[PDB]
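Student: I'd like to ask some things about the structure below.
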Amino acid sequence: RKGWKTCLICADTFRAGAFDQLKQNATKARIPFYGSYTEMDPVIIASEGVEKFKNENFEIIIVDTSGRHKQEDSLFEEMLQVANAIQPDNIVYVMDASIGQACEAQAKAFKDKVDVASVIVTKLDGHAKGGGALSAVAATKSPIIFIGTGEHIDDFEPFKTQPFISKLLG
Amino acid sequence: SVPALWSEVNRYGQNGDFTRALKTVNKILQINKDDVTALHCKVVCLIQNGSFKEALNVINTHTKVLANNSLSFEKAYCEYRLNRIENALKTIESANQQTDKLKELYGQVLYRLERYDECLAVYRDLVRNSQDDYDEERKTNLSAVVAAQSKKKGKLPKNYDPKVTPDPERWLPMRXXXXXXXXXXXXXXXXXXXX
Amino acid sequence: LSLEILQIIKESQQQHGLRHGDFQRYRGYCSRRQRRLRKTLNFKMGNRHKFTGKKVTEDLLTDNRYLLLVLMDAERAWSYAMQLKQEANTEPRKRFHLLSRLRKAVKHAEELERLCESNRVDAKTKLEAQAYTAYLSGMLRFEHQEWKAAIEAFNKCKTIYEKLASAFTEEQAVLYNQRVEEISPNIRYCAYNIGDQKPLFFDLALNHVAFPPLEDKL
Amino acid sequence: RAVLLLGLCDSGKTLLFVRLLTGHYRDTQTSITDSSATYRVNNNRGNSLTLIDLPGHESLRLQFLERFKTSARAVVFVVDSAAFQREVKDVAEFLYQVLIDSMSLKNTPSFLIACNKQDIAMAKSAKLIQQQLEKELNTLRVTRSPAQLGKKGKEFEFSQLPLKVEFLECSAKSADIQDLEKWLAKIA
Amino acid sequence: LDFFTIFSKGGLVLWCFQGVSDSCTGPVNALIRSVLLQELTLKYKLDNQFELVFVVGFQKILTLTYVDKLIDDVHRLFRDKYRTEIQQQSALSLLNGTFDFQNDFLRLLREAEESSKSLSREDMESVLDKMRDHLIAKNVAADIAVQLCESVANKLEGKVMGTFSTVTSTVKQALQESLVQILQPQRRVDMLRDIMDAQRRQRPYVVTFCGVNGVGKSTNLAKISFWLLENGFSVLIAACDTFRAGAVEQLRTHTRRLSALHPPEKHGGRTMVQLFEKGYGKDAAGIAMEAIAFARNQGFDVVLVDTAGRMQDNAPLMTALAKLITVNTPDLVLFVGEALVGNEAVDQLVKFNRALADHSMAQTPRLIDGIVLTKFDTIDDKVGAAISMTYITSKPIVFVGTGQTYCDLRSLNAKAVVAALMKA
Ligand SMILES: Nc1nc2c(ncn2[C@@H]2O[C@H](COP(=O)(O)OP(=O)(O)NP(=O)(O)O)[C@@H](O)[C@H]2O)c(=O)[nH]1
Ligand SMILES: Nc1nc2c(ncn2[C@@H]2O[C@H](COP(=O)(O)OP(=O)(O)OP(=O)(O)O)[C@@H](O)[C@H]2O)c(=O)[nH]1
Ligand SMILES: [Mg+2]
Ligand SMILES: [Mg+2]
Ligand SMILES: [Mg+2]
C-alpha cells in the first residue's frame, strides 16, 4: 500500500495448513506468494522463491518460517540454514504480547543462532500490555518497528514508544 | 366355527396384524351381523390401518347396535383425526362411561382447543395415575401445556426450457454469483473471508 | 398482558455483572437498555436543544413493552445506589447520593405500579409492581437505619407477595413464593433489632386403540 | 498403631470416630484437618489403637493420606451406603488410590470398607457395595489416566489383592458399630 | 449477629448460637462458605494456633466493623476460658470438654451492641517476600503469588514450630501445602467408562476446545484424537474454525495423518477418524450442531469441536462463543492455555468463565470443565502457569502438551510442579 512490489514466500514445511494459510492471506490482500505443498525442505522453498522473485524484480520479499523454540536444536539449525541460503537483509523477531518470564531466554537464543535486527509485538489489541518486549529488546538488541492490533490484515501499525510506555505504566 | 374365527382375530390382534384380523372380523360380521365385539375389532383394525373415516362409518352405520356398549373413544378419536375437534369434544363429554382412554384423548383435545388451564389439570392427573411405557411422552405433553400458558417455481414448464437449469450457482451469496449485483464501489476489510 | 418482572431483573443481573458484583456495569447495561428501547419505539424524551418530559400514559400500555422502559429507570437508580454503598465505605459522603437514588427508584416503581393499575394489564403485573414498590420501600427504610420501619415494609412486601402466590396455580405461585423466600432473610434481621430495647406433543390416544377382551368370544 | 478413617465427604468418618471414643452422638461439620485419639480395644488385653480421622475433602484427602499411610496398622474406608448409587464413581476412584498407596507400603495394613449409614432405609448392603466396586475398579484400572489391581486378564475382585480387605455394615446414629469394634479388636 | 458457630478444624461443633427465637438454623452452609471454600453474609475468623473457626451470620455489610470486634472478643474469651480443652492434641479433649459459652456470648453481644450506639507475621515477613519473588519469577501470576503467600502467614500465625525449624522453613512449607491443595481442584475424569455413561441416551461424546490465539487448540485436539483412537474410539473432528486461513486444511492434514495410523483395515472395516467441515465464513455453532447430529447418525463415539482462537475482551464474539457452549451443551469444555503465558492465564480463564455464565441463560451455567496446558517443553522449570490456572478456576489440567507430535500428550505431575516451585 506504500507502493512496493511486495511478495510472500511460505518456507514452513511442518505446520499443517501453513501454505494454505499464507495462500489465503495473500490471495485476499492481492499479494504474490510462493510456497509448496510437496517440498519438505524450507531451505529449498526459500532459496527457489527468493530466486524466482529476484528474477521478477520485487523490492520487498518476506519469507515466512515455522515456529521454533530453543530446546529444539534441530529447528534452530534449520533456521540458521534458511537464513544462510537466502541471506536476508533483515530478520524480524515476532513475539506474542502475552508472553511471561520465558521471553528473555528464547529471545536471547534466537539472537545467538541467527542475527535478529527488528522485533514485532503482536496480540497487543487485548488485555496484554506487552511487558515481555523489554526483554526481547535487551536480548536481541533490536528496536520494535511494528505492533499487531488484531487478526485482520490492516490491524497493523508502526511502533511508537510514548503510547506503549503510557499503557505499560497506566 | 366362530370360536375358531375368534381365536384367529385374537391371534392377529396380538401379532399386530390388523390387516388379517380385519379379514377375519368381516367373516364373523357375515354370520353375526350385529356382533358388538366384531364391530369394535373392525373399528380398531381400521384405526390401526389408518382408516379413521372407514372406522367412523362402522360406528355411524351401527349406532343402535353399539349403543351403551359404545365406541365413544374410537368415535371421538376418528373425529379427532379427521379435523373434527368440535365433534371429538362432544363425543368425549357425551360418553356414557368415562375411562383412561377418553381421559388421554381429552388431554389432547383440550390442547387442540387451546384450553391450557384445563389441559394442565388433565395432564397432571394423567402423569400421576398412568403406569405405562409412555410416562416420558406424557411429561413432554404436560411440558407443552406449561409452555403454552407462558416446487412451485413460478412455472414448471419454464424450468427445462431456458438453459436446462437456472445459472449453475443458482443460489448462494449474491456477491459470489457471476452476476455480482451489489453495486460495490470497492473492497474493504470488515469480516472474515480469505475463501 | 403479562410481565415476569422478577425473572427480568434476575437474569439481566447475572448476565450483565451482578454475578461478580458489578453494579457499575449493570447500571450501564440498564442505561443502554433504555436508550435502545427509546430509539426503536420512537419514544425519545428530548430533541436537540430542548427537553420534554417522558410520560408513559395508559394508551401505549397495550404493547406490553413500555413497562420495561420505566422498570429500566427503577433498576438504573437502584443499581447506582448499591454501587454508592460500596464507595461509601471509604467516602462516607457518597451515602447522601446513595439515598437520593433509592427514593427515585421507589418513585419510578410507584409510578410503574400506578400504570399497571390499568385494566389492559392482567392480574400478574399489577401485583409484581405493587410489591416491587414495597420491597424498595423496605430497603430505603432499612437504609434509613431504623430497624422498625424496615420490618414494616418487608412484612408488607412479604404479605403482598404471599397473597399473590395463594391466588393462582401452585406452579405460577412459585414466582410469588420465590419472592417471599427472597425477602425472608431480611425480615429475620429487623426482628432481631426491634425487641432489643410447535412443541413436541405425543398422540398417546393411539396406543389406547386395542381389541376388546376376546375370551368370551371363543 | 494408627487406624486411618478415610472416605468421601459426609460418609460418616467423624461420627464413627465419635461413636467409638465416646459412644455418643456429636454434631459434626466438614473436617479440614485430621484428628487423633486413642481407642482401648474391646478384647481381653485391651490394646490401644490411635484412631486418625482424616478429612474427606479432595483438596485434603491425599495430602493427609500420604502423611499417615506409613503409620497405618489398618485403614477403614467409610462408605455412605444410602447415597452409594449416585457416588459409585467417586467412591471407586478414591478407593483406587487407597488400594495402590496400600500395596506400595512395606507392611501392607489391614483394610475394611465400613458401609456406614445402614440406619437409612435406602442403604445398600455391603454385598451390593462390594459387587459394584469390583465392577467399578475393573473399569478403572483400564481407564486410569507400576502397581496394578489383581490380574489384567481376569475381572477384578477384592480377593485378587495382596491385602486384608473386609466389608462390614455399621451405623453412626446408641449406634450399630458392633462389627466395627469386633474388627478393631481383631486387628489390634 | 443472627448466627454464630465455633467448631474446631477437625469438623467438631464446640458451641453454636442462633437466638432464643427458634434455634440452630444454617450452621452447615456457614461452615461451607467459611472453611470448606477457603482452602445473610457468612464470613469467618480462623484460630490457626488451636485449630478453631469462628463463623458468623449477619446482614447490613456496613456493620462489619462491629461484627469483627465481636468475633475478636469472643475469640479472645473462648481461647482463654477453654485453653486447656483446645490446646491438647487429643480430639478427646474437645469431645470431653464442656463449652458453655452462651452466657459469655450474650454478654459480649449485648455489650458490643452498645459500642455501636510461636510465629507472628513480622518473622514470616521476609521469607514470604523471598517466596513471592520466587513464584513470580517461576511464572506464577503476580497476584496468585501474593494470595498464596498470605494464605500461609494466616495458617501458621500462632502455631509453634517443630523441634528443628526456622521462620524461613515454616512459611516455605505451609505455602507448599496450600499450593498442592489448590493445584488439586475439586474434579476428576475417566475414559471408556465415561462414554458408556454418554451412551445411556445413545449419543456421542462432544468436547469443546476453546482458548486464545495460538495456544495449541488444533494440534492438541489431534493428540487427543490419536489418544482416543488408541483406546479403540472413533472420533469425528468438527471444523468450526471459520475465522482464519488454512484452519480446515490444518484439521484435514490431522484427519489424513490419523486415518493413516488408524485405517478401516486395522480397525475392523469402519471409518474411525473423519472431518466434518462446512468451509470458511460459516457459523461455528451451526457446523457444531450438524456434526453432533452427523456423528450420532454415522456412529462416532467422540466429536472433538475445534473453535477459533479469540481474545478475552470481545463483547459481540465472547457472546457468540458463550452462547455456543451454553446451547450446544458440550460434555467437557476444555480451555487450552499455553505454559508460556504469564499474568494473562488469570485474565483469560476469568473472562472465559465469566462469559460462559453471563451469555448463558440457565440457572447453573455450563462453565469451563478443564484445562489443557500446552507448550510445557518450553518453560523448562518456569512452571507457574499451571498454578495460575488451577488457582482461579477450580478445574483440573486435563492434559499437558509437551511437543508438536501426537505422542507429546501427558498427564499432570502436580506434586513435582509445586515441589519445583516451592524449593528456592
Ligand atoms: N512445543 C510445543 N508446541 C506446541 C504445543 N501445543 C501446540 N504447539 C504449537 O503451537 C502452534 C499453534 O498451533 P495451533 O494448533 O494452530 O494453535 P491454535 O490455538 O489452534 N491457533 P488458532 O487461534 O489459529 O486456532 C503450532 O505450531 C503447534 O505445533 C506444545 O505442547 N508444545
Ligand atoms: N443416618 C445416619 N447419619 C449419619 C451416619 N453417620 C454420619 N451421619 C451424619 O452425616 C453427616 C456427615 O458426617 P461426617 O462424620 O461429618 O462425615 P465425614 O466423612 O467426616 O465428612 P468430612 O468432614 O467432609 O470428611 C453428619 O452430620 C452425621 O450426623 C449414619 O450412620 N447414619
Ligand atoms: Mg507458519
Ligand atoms: Mg471429619
Ligand atoms: Mg484453531
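Identifiers in this document derive from the order of the C-alpha cells: chains are assigned A, B, ..., residues are numbered from 1 separately in each chain, and ligands are numbered from 1 in order of occurrence.
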What are the nearest atom pairs, with distances in Å to one decimal, for all residues of chain C that come at most 12 Å from chain B, using only C-alpha atoms, set out by chain and rising residue number as JSON lines?
Tutor:
```
{"residue": "C:1", "atom": "CA", "partner": "B:150", "partner_atom": "CA", "distance": 11.2}
{"residue": "C:2", "atom": "CA", "partner": "B:150", "partner_atom": "CA", "distance": 8.9}
{"residue": "C:3", "atom": "CA", "partner": "B:150", "partner_atom": "CA", "distance": 10.3}
{"residue": "C:4", "atom": "CA", "partner": "B:150", "partner_atom": "CA", "distance": 10.0}
{"residue": "C:168", "atom": "CA", "partner": "B:117", "partner_atom": "CA", "distance": 11.0}
{"residue": "C:169", "atom": "CA", "partner": "B:117", "partner_atom": "CA", "distance": 9.4}
{"residue": "C:170", "atom": "CA", "partner": "B:121", "partner_atom": "CA", "distance": 11.8}
{"residue": "C:171", "atom": "CA", "partner": "B:146", "partner_atom": "CA", "distance": 9.1}
{"residue": "C:172", "atom": "CA", "partner": "B:150", "partner_atom": "CA", "distance": 9.8}
{"residue": "C:198", "atom": "CA", "partner": "B:144", "partner_atom": "CA", "distance": 8.7}
{"residue": "C:199", "atom": "CA", "partner": "B:144", "partner_atom": "CA", "distance": 5.8}
{"residue": "C:200", "atom": "CA", "partner": "B:140", "partner_atom": "CA", "distance": 6.6}
{"residue": "C:201", "atom": "CA", "partner": "B:141", "partner_atom": "CA", "distance": 5.0}
{"residue": "C:202", "atom": "CA", "partner": "B:137", "partner_atom": "CA", "distance": 6.1}
{"residue": "C:203", "atom": "CA", "partner": "B:108", "partner_atom": "CA", "distance": 7.3}
{"residue": "C:204", "atom": "CA", "partner": "B:104", "partner_atom": "CA", "distance": 6.7}
{"residue": "C:205", "atom": "CA", "partner": "B:105", "partner_atom": "CA", "distance": 5.2}
{"residue": "C:206", "atom": "CA", "partner": "B:48", "partner_atom": "CA", "distance": 8.1}
{"residue": "C:207", "atom": "CA", "partner": "B:101", "partner_atom": "CA", "distance": 9.1}
{"residue": "C:208", "atom": "CA", "partner": "B:101", "partner_atom": "CA", "distance": 5.8}
{"residue": "C:209", "atom": "CA", "partner": "B:44", "partner_atom": "CA", "distance": 6.1}
{"residue": "C:210", "atom": "CA", "partner": "B:44", "partner_atom": "CA", "distance": 6.1}
{"residue": "C:211", "atom": "CA", "partner": "B:41", "partner_atom": "CA", "distance": 5.5}
{"residue": "C:212", "atom": "CA", "partner": "B:37", "partner_atom": "CA", "distance": 6.8}
{"residue": "C:213", "atom": "CA", "partner": "B:37", "partner_atom": "CA", "distance": 8.7}
{"residue": "C:214", "atom": "CA", "partner": "B:10", "partner_atom": "CA", "distance": 6.4}
{"residue": "C:215", "atom": "CA", "partner": "B:10", "partner_atom": "CA", "distance": 8.8}
{"residue": "C:216", "atom": "CA", "partner": "B:3", "partner_atom": "CA", "distance": 9.2}
{"residue": "C:217", "atom": "CA", "partner": "B:6", "partner_atom": "CA", "distance": 6.0}
{"residue": "C:218", "atom": "CA", "partner": "B:3", "partner_atom": "CA", "distance": 4.0}
```
Student: Would you save the residues from that selection as a PDB file, in the first residue's frame, using N, CA and C atoms?
Tutor:
```pdb
ATOM      1  N   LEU C   1     -50.056  -7.959  27.868  1.00  0.00           N
ATOM      2  CA  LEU C   1     -50.675  -8.553  29.048  1.00  0.00           C
ATOM      3  C   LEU C   1     -49.671  -8.770  30.187  1.00  0.00           C
ATOM      4  N   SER C   2     -48.828  -9.795  30.048  1.00  0.00           N
ATOM      5  CA  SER C   2     -48.012 -10.317  31.137  1.00  0.00           C
ATOM      6  C   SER C   2     -46.641  -9.633  31.206  1.00  0.00           C
ATOM      7  N   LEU C   3     -46.029  -9.708  32.393  1.00  0.00           N
ATOM      8  CA  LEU C   3     -44.641  -9.285  32.591  1.00  0.00           C
ATOM      9  C   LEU C   3     -44.098  -9.987  33.829  1.00  0.00           C
ATOM     10  N   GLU C   4     -43.098 -10.852  33.633  1.00  0.00           N
ATOM     11  CA  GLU C   4     -42.389 -11.517  34.731  1.00  0.00           C
ATOM     12  C   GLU C   4     -41.241 -10.607  35.161  1.00  0.00           C
ATOM     13  N   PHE C 168     -53.298 -18.236  42.706  1.00  0.00           N
ATOM     14  CA  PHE C 168     -53.197 -18.883  41.401  1.00  0.00           C
ATOM     15  C   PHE C 168     -52.656 -20.304  41.541  1.00  0.00           C
ATOM     16  N   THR C 169     -52.377 -20.957  40.413  1.00  0.00           N
ATOM     17  CA  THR C 169     -51.833 -22.308  40.446  1.00  0.00           C
ATOM     18  C   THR C 169     -50.534 -22.323  41.244  1.00  0.00           C
ATOM     19  N   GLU C 170     -50.297 -23.435  41.944  1.00  0.00           N
ATOM     20  CA  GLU C 170     -49.067 -23.582  42.715  1.00  0.00           C
ATOM     21  C   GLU C 170     -47.823 -23.629  41.830  1.00  0.00           C
ATOM     22  N   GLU C 171     -47.990 -23.764  40.507  1.00  0.00           N
ATOM     23  CA  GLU C 171     -46.870 -23.657  39.573  1.00  0.00           C
ATOM     24  C   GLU C 171     -46.541 -22.195  39.267  1.00  0.00           C
ATOM     25  N   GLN C 172     -47.569 -21.356  39.080  1.00  0.00           N
ATOM     26  CA  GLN C 172     -47.386 -19.910  38.974  1.00  0.00           C
ATOM     27  C   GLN C 172     -47.204 -19.252  40.338  1.00  0.00           C
ATOM     28  N   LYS C 198     -44.087 -25.297  17.195  1.00  0.00           N
ATOM     29  CA  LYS C 198     -44.865 -26.395  17.764  1.00  0.00           C
ATOM     30  C   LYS C 198     -44.030 -27.289  18.693  1.00  0.00           C
ATOM     31  N   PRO C 199     -44.330 -27.278  19.996  1.00  0.00           N
ATOM     32  CA  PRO C 199     -43.620 -28.175  20.920  1.00  0.00           C
ATOM     33  C   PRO C 199     -43.906 -29.634  20.598  1.00  0.00           C
ATOM     34  N   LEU C 200     -43.110 -30.514  21.204  1.00  0.00           N
ATOM     35  CA  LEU C 200     -43.263 -31.951  20.994  1.00  0.00           C
ATOM     36  C   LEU C 200     -44.466 -32.437  21.799  1.00  0.00           C
ATOM     37  N   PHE C 201     -45.534 -32.818  21.097  1.00  0.00           N
ATOM     38  CA  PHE C 201     -46.747 -33.342  21.710  1.00  0.00           C
ATOM     39  C   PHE C 201     -47.031 -34.715  21.110  1.00  0.00           C
ATOM     40  N   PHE C 202     -47.197 -35.718  21.978  1.00  0.00           N
ATOM     41  CA  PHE C 202     -47.383 -37.110  21.582  1.00  0.00           C
ATOM     42  C   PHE C 202     -48.866 -37.473  21.569  1.00  0.00           C
ATOM     43  N   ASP C 203     -49.277 -38.213  20.531  1.00  0.00           N
ATOM     44  CA  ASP C 203     -50.648 -38.717  20.396  1.00  0.00           C
ATOM     45  C   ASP C 203     -50.726 -40.057  21.126  1.00  0.00           C
ATOM     46  N   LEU C 204     -50.780 -39.971  22.458  1.00  0.00           N
ATOM     47  CA  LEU C 204     -50.831 -41.137  23.331  1.00  0.00           C
ATOM     48  C   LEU C 204     -52.199 -41.829  23.327  1.00  0.00           C
ATOM     49  N   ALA C 205     -53.203 -41.266  22.637  1.00  0.00           N
ATOM     50  CA  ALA C 205     -54.515 -41.887  22.462  1.00  0.00           C
ATOM     51  C   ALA C 205     -54.583 -42.821  21.254  1.00  0.00           C
ATOM     52  N   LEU C 206     -53.469 -43.030  20.542  1.00  0.00           N
ATOM     53  CA  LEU C 206     -53.366 -44.089  19.543  1.00  0.00           C
ATOM     54  C   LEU C 206     -52.846 -45.398  20.133  1.00  0.00           C
ATOM     55  N   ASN C 207     -52.134 -45.334  21.265  1.00  0.00           N
ATOM     56  CA  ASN C 207     -51.737 -46.534  22.000  1.00  0.00           C
ATOM     57  C   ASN C 207     -52.913 -47.174  22.739  1.00  0.00           C
ATOM     58  N   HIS C 208     -53.982 -46.406  22.999  1.00  0.00           N
ATOM     59  CA  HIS C 208     -55.201 -46.880  23.652  1.00  0.00           C
ATOM     60  C   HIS C 208     -56.142 -47.634  22.707  1.00  0.00           C
ATOM     61  N   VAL C 209     -55.926 -47.564  21.391  1.00  0.00           N
ATOM     62  CA  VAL C 209     -56.761 -48.269  20.414  1.00  0.00           C
ATOM     63  C   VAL C 209     -56.310 -49.730  20.367  1.00  0.00           C
ATOM     64  N   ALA C 210     -57.104 -50.617  20.978  1.00  0.00           N
ATOM     65  CA  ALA C 210     -56.794 -52.039  21.047  1.00  0.00           C
ATOM     66  C   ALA C 210     -58.098 -52.834  21.072  1.00  0.00           C
ATOM     67  N   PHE C 211     -57.968 -54.150  20.849  1.00  0.00           N
ATOM     68  CA  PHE C 211     -59.119 -55.044  20.765  1.00  0.00           C
ATOM     69  C   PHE C 211     -59.803 -55.170  22.130  1.00  0.00           C
ATOM     70  N   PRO C 212     -61.111 -55.425  22.149  1.00  0.00           N
ATOM     71  CA  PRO C 212     -61.778 -55.790  23.408  1.00  0.00           C
ATOM     72  C   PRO C 212     -61.331 -57.171  23.853  1.00  0.00           C
ATOM     73  N   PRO C 213     -61.499 -57.512  25.132  1.00  0.00           N
ATOM     74  CA  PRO C 213     -61.154 -58.873  25.587  1.00  0.00           C
ATOM     75  C   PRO C 213     -61.930 -59.945  24.826  1.00  0.00           C
ATOM     76  N   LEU C 214     -61.193 -60.792  24.094  1.00  0.00           N
ATOM     77  CA  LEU C 214     -61.760 -61.841  23.247  1.00  0.00           C
ATOM     78  C   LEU C 214     -61.768 -63.212  23.931  1.00  0.00           C
ATOM     79  N   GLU C 215     -61.926 -63.244  25.261  1.00  0.00           N
ATOM     80  CA  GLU C 215     -62.009 -64.507  25.993  1.00  0.00           C
ATOM     81  C   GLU C 215     -63.420 -65.094  25.950  1.00  0.00           C
ATOM     82  N   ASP C 216     -64.447 -64.239  26.026  1.00  0.00           N
ATOM     83  CA  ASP C 216     -65.839 -64.679  25.964  1.00  0.00           C
ATOM     84  C   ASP C 216     -66.269 -65.092  24.558  1.00  0.00           C
ATOM     85  N   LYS C 217     -65.490 -64.744  23.528  1.00  0.00           N
ATOM     86  CA  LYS C 217     -65.850 -64.978  22.132  1.00  0.00           C
ATOM     87  C   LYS C 217     -65.387 -66.333  21.596  1.00  0.00           C
ATOM     88  N   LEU C 218     -64.514 -67.038  22.313  1.00  0.00           N
ATOM     89  CA  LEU C 218     -64.064 -68.374  21.913  1.00  0.00           C
ATOM     90  C   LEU C 218     -65.013 -69.447  22.461  1.00  0.00           C
TER      91      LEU C 218
END
```
Student: Go through the chains and note each residue within 12 Å of ligand 4, using only C-alpha atoms and all ligand atoms, then give the set as a ChimeraX atom specification.
Tutor: /D:4-18,26-36,52-57,60-61,78 /E:7-13,36,91
Student: Write out, as a CSV table (one decimal), in the first residue's frame, the residues just selected, with N, CA and C atoms.
Tutor:
```
chain,number,residue,atom,x,y,z
D,4,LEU,N,-6.5,-45.3,60.2
D,4,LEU,CA,-6.9,-44.1,59.5
D,4,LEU,C,-8.4,-44.3,59.0
D,5,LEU,N,-9.2,-43.2,59.2
D,5,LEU,CA,-10.6,-43.2,58.7
D,5,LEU,C,-10.7,-42.4,57.5
D,6,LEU,N,-11.0,-43.0,56.3
D,6,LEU,CA,-11.0,-42.4,55.0
D,6,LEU,C,-12.3,-42.6,54.3
D,7,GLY,N,-12.5,-41.8,53.2
D,7,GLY,CA,-13.8,-41.8,52.5
D,7,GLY,C,-14.0,-40.5,51.9
D,8,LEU,N,-15.2,-40.4,51.2
D,8,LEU,CA,-15.6,-39.1,50.7
D,8,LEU,C,-16.2,-38.2,51.8
D,9,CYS,N,-16.6,-37.0,51.4
D,9,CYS,CA,-17.3,-36.1,52.4
D,9,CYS,C,-18.6,-36.7,52.8
D,10,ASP,N,-19.0,-36.5,54.1
D,10,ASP,CA,-20.3,-36.9,54.6
D,10,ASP,C,-20.5,-38.4,54.6
D,11,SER,N,-19.5,-39.2,54.6
D,11,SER,CA,-19.6,-40.6,54.6
D,11,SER,C,-19.9,-41.2,56.0
D,12,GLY,N,-19.4,-40.4,57.1
D,12,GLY,CA,-19.6,-40.8,58.4
D,12,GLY,C,-18.3,-41.1,59.2
D,13,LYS,N,-17.2,-40.5,58.7
D,13,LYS,CA,-15.9,-40.7,59.4
D,13,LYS,C,-15.8,-40.1,60.8
D,14,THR,N,-16.3,-38.9,60.9
D,14,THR,CA,-16.2,-38.2,62.2
D,14,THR,C,-17.3,-38.6,63.2
D,15,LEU,N,-18.4,-39.1,62.8
D,15,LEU,CA,-19.4,-39.6,63.7
D,15,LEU,C,-19.2,-41.1,64.1
D,16,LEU,N,-18.5,-41.9,63.3
D,16,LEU,CA,-18.0,-43.2,63.7
D,16,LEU,C,-16.7,-43.0,64.6
D,17,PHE,N,-15.9,-42.0,64.4
D,17,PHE,CA,-14.8,-41.6,65.2
D,17,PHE,C,-15.3,-41.1,66.6
D,18,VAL,N,-16.5,-40.5,66.6
D,18,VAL,CA,-17.1,-40.1,67.9
D,18,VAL,C,-17.8,-41.2,68.6
D,26,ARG,N,-22.4,-36.8,68.4
D,26,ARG,CA,-21.9,-35.4,68.4
D,26,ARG,C,-22.2,-34.7,67.1
D,27,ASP,N,-22.7,-33.5,67.1
D,27,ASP,CA,-22.9,-32.7,65.9
D,27,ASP,C,-21.6,-32.4,65.3
D,28,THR,N,-21.4,-32.7,64.0
D,28,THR,CA,-20.2,-32.6,63.3
D,28,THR,C,-20.3,-31.7,62.1
D,29,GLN,N,-19.2,-31.1,61.6
D,29,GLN,CA,-19.1,-30.3,60.4
D,29,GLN,C,-18.1,-30.9,59.5
D,30,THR,N,-17.8,-30.3,58.4
D,30,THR,CA,-16.7,-30.7,57.4
D,30,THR,C,-15.4,-30.5,58.1
D,31,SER,N,-14.6,-31.6,58.2
D,31,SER,CA,-13.3,-31.6,58.7
D,31,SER,C,-12.3,-31.1,57.7
D,32,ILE,N,-11.5,-30.1,58.1
D,32,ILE,CA,-10.4,-29.6,57.2
D,32,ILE,C,-9.0,-30.0,57.7
D,33,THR,N,-8.9,-30.5,58.9
D,33,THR,CA,-7.6,-31.1,59.4
D,33,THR,C,-8.0,-32.5,60.0
D,34,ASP,N,-6.9,-33.3,60.3
D,34,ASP,CA,-7.1,-34.6,60.9
D,34,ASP,C,-7.3,-34.5,62.4
D,35,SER,N,-7.8,-35.5,63.0
D,35,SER,CA,-8.0,-35.6,64.5
D,35,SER,C,-7.6,-37.0,64.9
D,36,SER,N,-6.8,-37.1,66.0
D,36,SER,CA,-6.3,-38.3,66.6
D,36,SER,C,-6.7,-38.5,68.0
D,52,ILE,N,-7.3,-42.2,63.7
D,52,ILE,CA,-6.9,-41.0,63.0
D,52,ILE,C,-8.1,-40.7,62.0
D,53,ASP,N,-8.9,-39.7,62.2
D,53,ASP,CA,-9.9,-39.3,61.3
D,53,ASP,C,-9.4,-38.2,60.4
D,54,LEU,N,-9.2,-38.6,59.1
D,54,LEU,CA,-8.7,-37.7,58.0
D,54,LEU,C,-9.8,-37.0,57.3
D,55,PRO,N,-9.6,-35.8,56.9
D,55,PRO,CA,-10.6,-35.0,56.1
D,55,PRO,C,-11.0,-35.8,54.8
D,56,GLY,N,-12.3,-35.7,54.5
D,56,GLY,CA,-12.8,-36.3,53.3
D,56,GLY,C,-12.8,-35.4,52.1
D,57,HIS,N,-12.5,-34.1,52.3
D,57,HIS,CA,-12.4,-33.1,51.2
D,57,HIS,C,-11.2,-33.5,50.3
D,60,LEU,N,-7.7,-32.2,50.4
D,60,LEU,CA,-7.0,-32.6,51.7
D,60,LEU,C,-7.1,-34.2,51.9
D,61,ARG,N,-7.7,-34.9,50.9
D,61,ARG,CA,-7.8,-36.4,51.1
D,61,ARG,C,-6.5,-37.1,51.0
D,78,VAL,N,-14.7,-45.5,54.9
D,78,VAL,CA,-16.1,-45.3,55.3
D,78,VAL,C,-16.9,-44.9,54.1
E,7,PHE,N,-16.6,-24.1,65.8
E,7,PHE,CA,-16.2,-25.5,65.8
E,7,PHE,C,-14.6,-25.6,65.6
E,8,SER,N,-14.1,-26.8,65.8
E,8,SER,CA,-12.7,-27.0,65.5
E,8,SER,C,-12.4,-27.2,64.0
E,9,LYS,N,-11.1,-27.4,63.6
E,9,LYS,CA,-10.8,-27.7,62.3
E,9,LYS,C,-11.0,-29.1,61.9
E,10,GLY,N,-11.1,-30.0,62.9
E,10,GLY,CA,-11.4,-31.4,62.7
E,10,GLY,C,-12.9,-31.7,62.5
E,11,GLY,N,-13.6,-30.6,62.3
E,11,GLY,CA,-15.1,-30.8,62.0
E,11,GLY,C,-16.0,-31.1,63.1
E,12,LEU,N,-15.8,-30.4,64.3
E,12,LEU,CA,-16.4,-30.8,65.5
E,12,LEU,C,-17.1,-29.5,66.1
E,13,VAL,N,-18.4,-29.4,66.1
E,13,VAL,CA,-19.1,-28.2,66.7
E,13,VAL,C,-18.9,-28.2,68.2
E,36,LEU,N,-14.6,-24.8,54.2
E,36,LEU,CA,-14.5,-25.6,53.1
E,36,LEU,C,-14.1,-24.9,51.8
E,91,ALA,N,-8.3,-35.4,70.2
E,91,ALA,CA,-9.7,-35.0,69.9
E,91,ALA,C,-10.6,-35.3,71.1
```
Student: Find the residues of chain B in contact range of chain E, meaning any atom within 9 Å when counting only C-alpha atoms, and list them as an MDAnalysis selection string.
Tutor: chainID B and resid 191:195
Student: Write out as a PyMOL selection string the residues lying within 6 Å of range 319-330 of chain E, counting only C-alpha atoms and excluding same-chain residues fewer than 6 positions away.
Tutor: chain E and resi 206-207+285+355-356+359-360+366
Student: Please, could you write that set of residues out with C-alpha atoms as a PDB file, in the first residue's frame?
Tutor:
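What landed in result.pdb:
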```
ATOM      1  CA  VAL E 206     -18.733 -33.875  22.380  1.00  0.00           C
ATOM      2  CA  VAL E 207     -15.697 -31.985  23.762  1.00  0.00           C
ATOM      3  CA  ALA E 285     -22.492 -23.174  16.308  1.00  0.00           C
ATOM      4  CA  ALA E 355     -18.612 -15.035  29.505  1.00  0.00           C
ATOM      5  CA  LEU E 356     -19.764 -18.697  29.601  1.00  0.00           C
ATOM      6  CA  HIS E 359     -24.336 -15.103  27.955  1.00  0.00           C
ATOM      7  CA  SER E 360     -25.705 -18.380  29.373  1.00  0.00           C
ATOM      8  CA  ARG E 366     -22.035 -24.575  31.651  1.00  0.00           C
TER       9      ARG E 366
END
```
Student: Expressed in Å to a single decimal, how great is the separation between CA of residue 112 in chain D and CA of residue 153 in chain D?
Tutor: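 Between CA of residue 112 in chain D and CA of residue 153 in chain D the gap is 25.7 Å.
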